[PDB]
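Here's the structure, in structure tokens; my notes come after.
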Amino acid sequence: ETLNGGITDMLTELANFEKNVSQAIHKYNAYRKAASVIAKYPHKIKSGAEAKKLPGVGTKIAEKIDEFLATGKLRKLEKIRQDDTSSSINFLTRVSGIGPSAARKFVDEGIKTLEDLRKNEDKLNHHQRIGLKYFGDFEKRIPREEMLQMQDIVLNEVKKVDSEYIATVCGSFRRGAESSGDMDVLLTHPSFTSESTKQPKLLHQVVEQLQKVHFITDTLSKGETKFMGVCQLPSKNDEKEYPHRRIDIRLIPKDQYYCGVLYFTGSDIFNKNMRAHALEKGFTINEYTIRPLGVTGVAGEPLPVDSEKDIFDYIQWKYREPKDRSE
DNA sequence: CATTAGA
DNA sequence: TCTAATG
Ligand SMILES: [Ba+2]
Ligand SMILES: [Ba+2]
Ligand SMILES: [Ba+2]
């Protein structure tokens, strides 16, 4: 967590590069398990040779560690940080809709900048287009104060369309977080569960609602069970318009909510942790259900949930308010 | 790890 | 169809 820091940090630094600037999925995969193990190790790596003893740790990386240990840096590292192509690859990527594949492609053509991008709006798809459009706002954080605002509206229209709707705003927000990145809306309906062969429209209904009133301002991608978008709080009595914000709406079988709800709310560790525990408690938790464990090794058969509670009761734990689901 | 776009 | 991009 800190005694093996630089290494893991230097390491990840290294792995990301392979993945991104290069297409070295394996090298990449390499640097990572390394950065992984050297991270778990209970002692200050004093030398490469030391480290090397490790699993994942080969002569290539060990070599890296002494060089880092020795001098407070790394050339490969200094070199890459300096390299313009590589710089450009890291940069275009932040564009929503821009992946590494695309990143290199653009660069190859010579589209290294923000402006490059505008000048060639044509070479961009709709997604990438919007991405480009709202580059600033997309990067910008979302004050909780806003999340309240957003969540308000969202709930109203959901209700307006059908009162049988169930929408919850999942994420760190859900968890009290003073600020969020985008808004996560897990949606459901009685009329939509495990078997009941869809009702795509169910999704379709609300999107349209959010639109009609001007909440949704763009579509990144809309499917029959998972919409991806852009929104904007109505800009007041002028002088202060609100930044475009990424939203995300997903349909859900009413018979899979709470798990997913439980799940999407995190935290990553809370999650994992509760999960660890259901295992002992003779269960299995996953984004969709909760099954009872069968000694033979495994078992199936999803227990019935009607609330975040049920899941709790099941693994006989203390109900934890989303607030304190931090870990 | 699953959904969407797209070409 | 595949393959990239989000989460
Ligand atoms: Ba080894
Ligand atoms: Ba991106
Ligand atoms: Ba998200």
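Order determines the names: the first chain of the structure tokens is A, the second B, and so forth; residues in each chain are numbered 1 upward, and ligands are numbered 1 upward as they are shown.
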
Chain C contacts on chain A, only C-alpha atoms (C1' of nucleotides), 10 Å, as a compact mmCIF listing (two decimals) with N, CA, C and O atoms, in the first residue's frame:
```txt
# COMPACT_ATOMS: atom_id res chain seq x y z
N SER A 96 -14.78 10.99 -25.24
CA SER A 96 -15.69 9.93 -25.07
C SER A 96 -16.06 9.25 -26.38
O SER A 96 -16.70 9.82 -27.24
N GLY A 97 -15.69 8.02 -26.56
CA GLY A 97 -16.09 7.44 -27.80
C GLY A 97 -14.88 7.01 -28.56
O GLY A 97 -15.03 6.31 -29.58
N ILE A 98 -13.73 7.50 -27.99
CA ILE A 98 -12.33 7.31 -28.40
C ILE A 98 -11.65 6.27 -27.55
O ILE A 98 -11.44 6.45 -26.35
N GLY A 99 -11.32 5.16 -28.17
CA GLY A 99 -10.65 4.09 -27.51
C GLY A 99 -9.22 4.12 -28.05
O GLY A 99 -8.93 4.93 -28.95
N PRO A 100 -8.35 3.24 -27.49
CA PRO A 100 -6.96 3.18 -27.93
C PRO A 100 -6.82 2.91 -29.44
O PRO A 100 -5.99 3.55 -30.14
N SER A 101 -7.66 1.95 -29.92
CA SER A 101 -7.72 1.53 -31.32
C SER A 101 -7.88 2.77 -32.21
O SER A 101 -7.08 3.01 -33.14
N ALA A 102 -8.90 3.55 -31.87
CA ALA A 102 -9.22 4.78 -32.53
C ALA A 102 -8.10 5.82 -32.37
O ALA A 102 -7.70 6.56 -33.30
N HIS A 127 -21.14 9.25 -31.56
CA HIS A 127 -20.63 9.15 -30.19
C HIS A 127 -19.45 10.08 -30.03
O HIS A 127 -19.51 11.07 -29.28
N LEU A 220 -26.20 8.79 -27.03
CA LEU A 220 -24.88 8.22 -27.25
C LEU A 220 -25.24 6.85 -27.84
O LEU A 220 -24.75 6.37 -28.86
N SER A 221 -26.20 6.25 -27.18
CA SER A 221 -26.63 4.99 -27.67
C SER A 221 -27.87 4.50 -26.93
O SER A 221 -27.96 4.43 -25.70
N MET A 228 -27.96 5.20 -23.15
CA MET A 228 -26.70 5.94 -22.78
C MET A 228 -26.83 7.37 -23.25
O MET A 228 -26.95 7.61 -24.47
N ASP A 248 -27.25 7.61 -17.74
CA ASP A 248 -27.33 6.21 -18.15
C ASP A 248 -28.56 5.53 -17.58
O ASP A 248 -28.68 5.38 -16.37
```

Within 10 Å of chain A, which residues of chain B are there when counting only C-alpha atoms (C1' of nucleotides)? Please give them as a ChimeraX atom specification. /B:3-6

Selected residues, C-alpha atoms (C1' of nucleotides), written as a short mmCIF file (atom, residue, chain, number, x, y, z; two decimals), in the first residue's frame, please.
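For reference, part_36.cif as written:
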```
data_model
loop_
_atom_site.label_atom_id
_atom_site.label_comp_id
_atom_site.auth_asym_id
_atom_site.auth_seq_id
_atom_site.Cartn_x
_atom_site.Cartn_y
_atom_site.Cartn_z
"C1'" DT B 3 -24.62 -4.11 -24.37
"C1'" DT B 4 -24.56 -1.19 -28.36
"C1'" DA B 5 -22.66 0.75 -33.01
"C1'" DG B 6 -20.96 0.10 -36.91
#
```

Could you pull out the residues sitting within 10 Å of ligand 3, using only C-alpha atoms (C1' of nucleotides) and all ligand atoms, and write them as a PyMOL selection string? (chain A and resi 170-172+180-185+228+246-249+264) or (chain C and resi 6-7)

Identify, on the basis of only C-alpha atoms (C1' of nucleotides), every residue whose closest approach to residue 311 in chain A does not exceed 10 Å; exclude the query and any residue fewer than 2 positions from it along the same chain; express the result as JSON, numbers by chain. {"A": [258, 259, 262, 278, 285, 289, 290, 303, 304, 305, 306, 307, 308, 309, 313, 314, 315, 316, 317, 319]}

May I have the selected residues written with N, CA, C and O atoms, as a CSV table (one decimal), in the first residue's frame?
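Here's the written file result09.csv:
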```csv
chain,number,residue,atom,x,y,z
A,258,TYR,N,-32.9,-5.4,-6.7
A,258,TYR,CA,-32.2,-5.3,-5.5
A,258,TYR,C,-30.8,-5.9,-5.5
A,258,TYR,O,-30.0,-5.4,-4.7
A,259,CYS,N,-30.5,-6.9,-6.3
A,259,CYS,CA,-29.2,-7.4,-6.3
A,259,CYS,C,-28.3,-6.4,-7.1
A,259,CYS,O,-27.3,-5.9,-6.7
A,262,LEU,N,-28.3,-3.3,-5.2
A,262,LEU,CA,-27.3,-3.5,-4.1
A,262,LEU,C,-25.9,-3.3,-4.7
A,262,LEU,O,-25.1,-2.4,-4.2
A,278,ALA,N,-21.1,-13.9,1.9
A,278,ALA,CA,-22.3,-14.8,1.6
A,278,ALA,C,-21.8,-16.2,1.4
A,278,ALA,O,-22.7,-17.1,1.5
A,285,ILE,N,-23.4,-14.4,-4.3
A,285,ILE,CA,-23.9,-13.1,-4.8
A,285,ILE,C,-23.2,-12.7,-6.0
A,285,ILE,O,-22.0,-12.9,-6.2
A,289,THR,N,-28.4,-12.1,-8.9
A,289,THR,CA,-29.1,-12.9,-8.0
A,289,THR,C,-28.4,-13.2,-6.7
A,289,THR,O,-27.4,-12.5,-6.3
A,290,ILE,N,-28.8,-14.3,-6.1
A,290,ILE,CA,-28.2,-14.9,-4.9
A,290,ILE,C,-28.7,-16.3,-4.8
A,290,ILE,O,-29.8,-16.7,-4.5
A,303,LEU,N,-32.5,-17.3,-4.7
A,303,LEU,CA,-33.5,-16.9,-3.7
A,303,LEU,C,-34.3,-15.6,-4.0
A,303,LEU,O,-33.7,-14.7,-4.6
A,304,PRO,N,-35.5,-15.6,-3.5
A,304,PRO,CA,-36.3,-14.4,-3.8
A,304,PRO,C,-36.1,-13.1,-3.0
A,304,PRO,O,-36.1,-13.1,-1.8
A,305,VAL,N,-35.8,-12.1,-3.7
A,305,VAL,CA,-35.6,-10.8,-3.2
A,305,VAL,C,-36.6,-9.7,-3.5
A,305,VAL,O,-37.0,-9.5,-4.7
A,306,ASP,N,-37.0,-8.9,-2.5
A,306,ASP,CA,-37.9,-7.8,-2.8
A,306,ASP,C,-37.3,-6.6,-2.3
A,306,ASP,O,-38.0,-5.5,-2.4
A,307,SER,N,-36.1,-6.7,-1.7
A,307,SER,CA,-35.4,-5.5,-1.2
A,307,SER,C,-34.1,-5.8,-0.7
A,307,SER,O,-33.8,-6.9,-0.2
A,308,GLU,N,-33.2,-4.8,-0.7
A,308,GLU,CA,-31.8,-4.7,-0.3
A,308,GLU,C,-31.7,-5.5,1.0
A,308,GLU,O,-30.6,-6.0,1.3
A,309,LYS,N,-32.8,-5.6,1.8
A,309,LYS,CA,-32.9,-6.3,3.0
A,309,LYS,C,-32.7,-7.8,2.9
A,309,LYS,O,-31.8,-8.4,3.4
A,313,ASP,N,-30.7,-10.2,5.0
A,313,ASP,CA,-31.2,-11.2,5.9
A,313,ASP,C,-30.6,-12.6,5.5
A,313,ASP,O,-30.3,-13.4,6.4
A,314,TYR,N,-30.6,-12.8,4.2
A,314,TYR,CA,-30.1,-14.1,3.7
A,314,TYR,C,-28.7,-14.4,4.2
A,314,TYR,O,-28.5,-15.5,4.7
A,315,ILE,N,-27.8,-13.5,4.1
A,315,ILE,CA,-26.5,-13.8,4.6
A,315,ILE,C,-26.3,-13.3,6.0
A,315,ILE,O,-25.2,-13.1,6.5
A,316,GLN,N,-27.5,-13.2,6.7
A,316,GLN,CA,-27.6,-12.8,8.0
A,316,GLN,C,-26.6,-11.7,8.5
A,316,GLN,O,-25.8,-11.9,9.3
A,317,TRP,N,-26.7,-10.6,7.8
A,317,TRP,CA,-25.8,-9.5,8.1
A,317,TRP,C,-26.5,-8.3,8.7
A,317,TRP,O,-27.8,-8.2,8.8
A,319,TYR,N,-28.1,-4.8,8.3
A,319,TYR,CA,-28.5,-3.9,7.2
A,319,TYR,C,-27.6,-2.7,7.3
A,319,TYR,O,-27.4,-2.1,8.4
```

CA of residue 286 in chain A to CA of residue 189 in chain A: how many Å, to one decimal? 20.3 Å

Taking only range 108-213 of chain A into account, list the residues labelled helix (DSSP H, G or I) by DSSP (computed from the backbone), as number ranges by chain. A: 108-109, 114-119, 121-123, 126-133, 135-139, 144-161, 200-212

Restricted to C-alpha atoms, what would the selected residues look like written as a compact mmCIF listing (two decimals), in the first residue's frame?
```
# COMPACT_ATOMS: atom_id res chain seq x y z
CA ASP A 108 -1.66 7.92 -37.80
CA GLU A 109 -3.70 10.20 -39.96
CA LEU A 114 -8.56 18.88 -29.98
CA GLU A 115 -8.70 21.16 -32.85
CA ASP A 116 -7.49 18.29 -35.16
CA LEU A 117 -10.53 16.69 -34.09
CA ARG A 118 -12.85 19.57 -34.88
CA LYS A 119 -11.22 20.13 -38.28
CA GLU A 121 -15.47 16.29 -37.48
CA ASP A 122 -16.39 14.04 -40.37
CA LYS A 123 -13.86 11.39 -39.43
CA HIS A 126 -21.95 10.42 -33.50
CA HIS A 127 -20.63 9.15 -30.19
CA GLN A 128 -17.18 10.50 -30.75
CA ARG A 129 -18.95 13.58 -32.10
CA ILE A 130 -20.81 14.34 -28.94
CA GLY A 131 -17.82 13.36 -26.96
CA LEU A 132 -15.93 16.00 -28.80
CA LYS A 133 -18.86 18.34 -28.32
CA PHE A 135 -15.30 17.62 -23.99
CA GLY A 136 -15.22 20.18 -21.14
CA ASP A 137 -18.52 19.24 -19.27
CA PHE A 138 -17.74 15.53 -19.71
CA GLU A 139 -14.66 15.92 -17.81
CA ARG A 144 -24.33 16.31 -5.24
CA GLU A 145 -26.43 19.43 -5.05
CA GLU A 146 -27.04 18.82 -8.83
CA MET A 147 -27.55 15.10 -8.35
CA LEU A 148 -30.38 16.05 -6.14
CA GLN A 149 -31.73 18.29 -8.79
CA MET A 150 -31.36 15.67 -11.52
CA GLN A 151 -32.62 12.76 -9.52
CA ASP A 152 -35.74 14.94 -8.67
CA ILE A 153 -36.77 15.52 -12.18
CA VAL A 154 -35.94 11.98 -13.27
CA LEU A 155 -38.24 10.54 -10.68
CA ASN A 156 -41.11 12.79 -11.67
CA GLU A 157 -41.27 11.87 -15.28
CA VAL A 158 -40.68 8.17 -14.58
CA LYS A 159 -43.82 8.41 -12.33
CA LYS A 160 -45.72 10.56 -14.81
CA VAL A 161 -45.37 8.00 -17.55
CA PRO A 200 -38.47 -2.67 -24.90
CA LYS A 201 -40.97 0.06 -24.93
CA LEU A 202 -40.72 0.08 -21.15
CA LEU A 203 -37.37 1.60 -21.60
CA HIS A 204 -38.48 3.65 -24.59
CA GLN A 205 -41.28 5.25 -22.68
CA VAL A 206 -39.12 7.15 -20.19
CA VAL A 207 -36.39 8.12 -22.58
CA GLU A 208 -38.98 9.88 -24.60
CA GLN A 209 -40.36 11.44 -21.42
CA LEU A 210 -36.90 12.76 -20.32
CA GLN A 211 -36.55 14.11 -23.91
CA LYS A 212 -39.88 15.75 -24.23
```

Just want the residues within 12 Å of ligand 1, written as JSON, numbers by chain, counting only C-alpha atoms (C1' of nucleotides) and all ligand atoms. {"A": [30, 33, 34, 37, 38, 48, 49, 50, 51, 52, 53, 54, 55, 56, 57, 58, 59, 60, 61, 62]}

Range 242-244 of chain A: which residues within 9 Å, counting only C-alpha atoms (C1' of nucleotides), same-chain residues fewer than 4 positions away excluded, as a PyMOL selection string? chain A and resi 134+136-138+140+217+230-236

Interatomic distance (Å, one decimal) between CA of residue 267 in chain A and CA of residue 90 in chain A: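 Distance reported for this atom pair: 27.7 Å.
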
From a DSSP calculation on the backbone, collect every residue of range 100-263 of chain A in strand (DSSP E or B) and output the set as number ranges by chain. A: 142-143, 166-170, 179-180, 183-189, 192, 216-222, 227-231, 245-250, 253

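Taking CA of residue 113 in chain A and CA of residue 218 in chain A as the two end points, the separation is 24.0 Å.
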
Could you pull the residues within 9 Å of residue 283 in chain A, counting only C-alpha atoms (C1' of nucleotides), minus those fewer than 6 positions along the same chain, as a PyMOL selection string? chain A and resi 275+277+290-294+299+314-315

All residues 9 Å or closer to residue 86 in chain A, only C-alpha atoms (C1' of nucleotides), same chain fewer than 3 positions away omitted, as a list in words: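 The contact residues come out as residues 17, 20, 21, 22, 80, 81, 82, 83, 89, 90, 91 and 104 of chain A.
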
Just the selected residues (N, CA, C and O atoms), exported as a PDB file, in the first residue's frame, please.
```
ATOM      1  N   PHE A  17       1.006   1.901 -20.718  1.00  0.00           N
ATOM      2  CA  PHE A  17       1.636   2.252 -21.943  1.00  0.00           C
ATOM      3  C   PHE A  17       1.593   1.125 -22.989  1.00  0.00           C
ATOM      4  O   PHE A  17       1.218   1.348 -24.146  1.00  0.00           O
ATOM      5  N   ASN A  20      -2.067   0.742 -24.307  1.00  0.00           N
ATOM      6  CA  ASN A  20      -2.394   1.946 -25.107  1.00  0.00           C
ATOM      7  C   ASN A  20      -1.542   2.287 -26.264  1.00  0.00           C
ATOM      8  O   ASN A  20      -1.935   1.987 -27.378  1.00  0.00           O
ATOM      9  N   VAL A  21      -0.416   2.919 -26.019  1.00  0.00           N
ATOM     10  CA  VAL A  21       0.380   3.239 -27.149  1.00  0.00           C
ATOM     11  C   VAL A  21       0.755   2.059 -28.027  1.00  0.00           C
ATOM     12  O   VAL A  21       0.804   2.182 -29.244  1.00  0.00           O
ATOM     13  N   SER A  22       0.989   0.904 -27.430  1.00  0.00           N
ATOM     14  CA  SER A  22       1.322  -0.242 -28.240  1.00  0.00           C
ATOM     15  C   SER A  22       0.194  -1.267 -28.242  1.00  0.00           C
ATOM     16  O   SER A  22      -0.843  -1.122 -27.611  1.00  0.00           O
ATOM     17  N   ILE A  80       8.950   7.771 -22.763  1.00  0.00           N
ATOM     18  CA  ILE A  80       7.500   7.702 -23.069  1.00  0.00           C
ATOM     19  C   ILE A  80       6.732   8.971 -22.615  1.00  0.00           C
ATOM     20  O   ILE A  80       5.854   9.525 -23.305  1.00  0.00           O
ATOM     21  N   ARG A  81       7.065   9.449 -21.425  1.00  0.00           N
ATOM     22  CA  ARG A  81       6.401  10.617 -20.923  1.00  0.00           C
ATOM     23  C   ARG A  81       6.628  11.796 -21.859  1.00  0.00           C
ATOM     24  O   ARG A  81       5.762  12.662 -22.057  1.00  0.00           O
ATOM     25  N   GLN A  82       7.828  11.783 -22.455  1.00  0.00           N
ATOM     26  CA  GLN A  82       8.274  12.791 -23.392  1.00  0.00           C
ATOM     27  C   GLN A  82       7.671  12.595 -24.755  1.00  0.00           C
ATOM     28  O   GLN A  82       7.200  13.558 -25.317  1.00  0.00           O
ATOM     29  N   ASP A  83       7.685  11.364 -25.286  1.00  0.00           N
ATOM     30  CA  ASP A  83       7.130  11.069 -26.625  1.00  0.00           C
ATOM     31  C   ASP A  83       5.769  11.599 -26.953  1.00  0.00           C
ATOM     32  O   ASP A  83       4.747  11.252 -26.353  1.00  0.00           O
ATOM     33  N   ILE A  89      -1.534   9.730 -27.890  1.00  0.00           N
ATOM     34  CA  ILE A  89      -2.441   8.639 -27.785  1.00  0.00           C
ATOM     35  C   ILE A  89      -3.279   8.689 -26.510  1.00  0.00           C
ATOM     36  O   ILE A  89      -4.447   8.250 -26.516  1.00  0.00           O
ATOM     37  N   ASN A  90      -2.632   9.180 -25.417  1.00  0.00           N
ATOM     38  CA  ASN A  90      -3.239   9.289 -24.086  1.00  0.00           C
ATOM     39  C   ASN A  90      -4.277  10.349 -23.999  1.00  0.00           C
ATOM     40  O   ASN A  90      -5.295  10.274 -23.285  1.00  0.00           O
ATOM     41  N   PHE A  91      -3.968  11.347 -24.767  1.00  0.00           N
ATOM     42  CA  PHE A  91      -4.802  12.469 -24.864  1.00  0.00           C
ATOM     43  C   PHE A  91      -6.151  12.271 -25.645  1.00  0.00           C
ATOM     44  O   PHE A  91      -7.218  12.568 -25.131  1.00  0.00           O
ATOM     45  N   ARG A 104      -4.884   5.543 -31.910  1.00  0.00           N
ATOM     46  CA  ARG A 104      -3.740   5.340 -32.773  1.00  0.00           C
ATOM     47  C   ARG A 104      -4.128   5.649 -34.181  1.00  0.00           C
ATOM     48  O   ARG A 104      -3.373   6.268 -34.906  1.00  0.00           O
TER      49      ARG A 104
END
```
